[PDB]
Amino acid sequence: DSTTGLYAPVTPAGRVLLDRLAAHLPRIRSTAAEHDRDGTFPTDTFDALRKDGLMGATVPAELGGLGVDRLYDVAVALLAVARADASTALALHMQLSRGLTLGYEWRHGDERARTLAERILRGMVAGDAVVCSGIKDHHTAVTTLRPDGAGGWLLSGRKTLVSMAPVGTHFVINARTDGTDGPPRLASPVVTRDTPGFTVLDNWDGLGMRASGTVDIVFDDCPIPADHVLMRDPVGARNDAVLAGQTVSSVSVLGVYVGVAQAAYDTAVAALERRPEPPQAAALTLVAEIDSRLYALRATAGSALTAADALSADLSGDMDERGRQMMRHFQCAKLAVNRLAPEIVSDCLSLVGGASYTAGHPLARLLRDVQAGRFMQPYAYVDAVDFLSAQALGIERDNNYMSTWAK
């Protein structure tokens, strides 16, 4: 019955998601070290989740999905998976996040939007759609959509860091229009794996998250129909209202780092309890410091998730304010998660001692994986500080990171 600290799902659908996942932990857990050493994606893990209905966990119930719709419960499930393997959890988050955001498109967007959403969502439930996300351009390229002169579009460019890509059937891509007449827009084409000119590379070589499939994808004159395109707003047109969607789509990933911290602790404590001698002064002191820091990490992520779910559900008010507040809870918590979670994992290696310094020890992988959140937008630390200090001091700024990137 816990409602804090991400200790338990707060809804019956979240409870099912977590009980169902339990069945896959032994596989996820078992191929973790091999996939980390090789830098390869656990495709058999994802085949099993697909067949089990789990890749449709956040599709509305109305469409055949489990209907998990709390970010809190997604975070709880991701925390559980990340305790078994962080890379799998991170890949799964892209899919569960999409269930939530496509859900929103389905209930609230225009007819093109609702129709695309509904078709992808039903595919997610069926095990036919595995939806990847491509936001950041490779340095060599600016990803653009140009009119084909015939109703549809041609997508050229390259995205870097596209987790789950080796198994993705659908790729939601951040692109800017060009060669029309409007000021450039933000646009989200959806590319299917068999679109021509679309290539999935195999160049993911990570410090951590080595098994997350986080490769580049290339678009070369890719034909995209007009109705497979979610049009966004003009580049640099400031509406804080977009911040809500950008909170929905990443905030629950915080649970991955909370689970990595939890797994480091569980490992350290199991290591101490397996020892002949009674723990030393500094070992007892570390264990209490980590117990407390893990509690604060869980409560800070749990609390922002709770708040986000409440702000998310309320569409009655000022939508710009809703956006600002969502992003505020998310980024205040993220900054804390990105300091507490690596520090907890690092202190656990102090408890275990030099055994943790061999490539194969579980802590050695958790130390590497736990750093990943520091590099995920919105926002990495340097950008988080510009956003938070602007909010705190009421400084007007373009808070859309993709809008900025398009500049």
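Numbering starts at 1 and follows the sequence shown.
As the entry records it, the average C-alpha temperature factor is higher for 392-400, out of 392-400 and 8-16. Comparing 260-268 with 183-191, the higher mean C-alpha B-factor in the PDB entry belongs to 183-191. Of the candidates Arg275, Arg83, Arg298, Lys159, the PDB record gives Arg275 the highest C-alpha temperature factor. Comparing the C-alpha B-factors of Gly302, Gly245, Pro147, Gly208 in the entry, the top value falls on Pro147. Sort the chain's modelled residues by C-alpha temperature factor and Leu25 lands in the middle third, per the entry.
Per-chain ranking of the deposited C-alpha B factor places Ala61 in the highest third. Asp221: CA B factor in the highest third of modelled residues in this chain (values from the PDB entry).
The entry lists a Cα temperature factor for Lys136 that places it in the middle third of the chain's modelled residues. In the deposited entry, the Cα temperature factor of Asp52 places it in the highest third of its chain's modelled residues.
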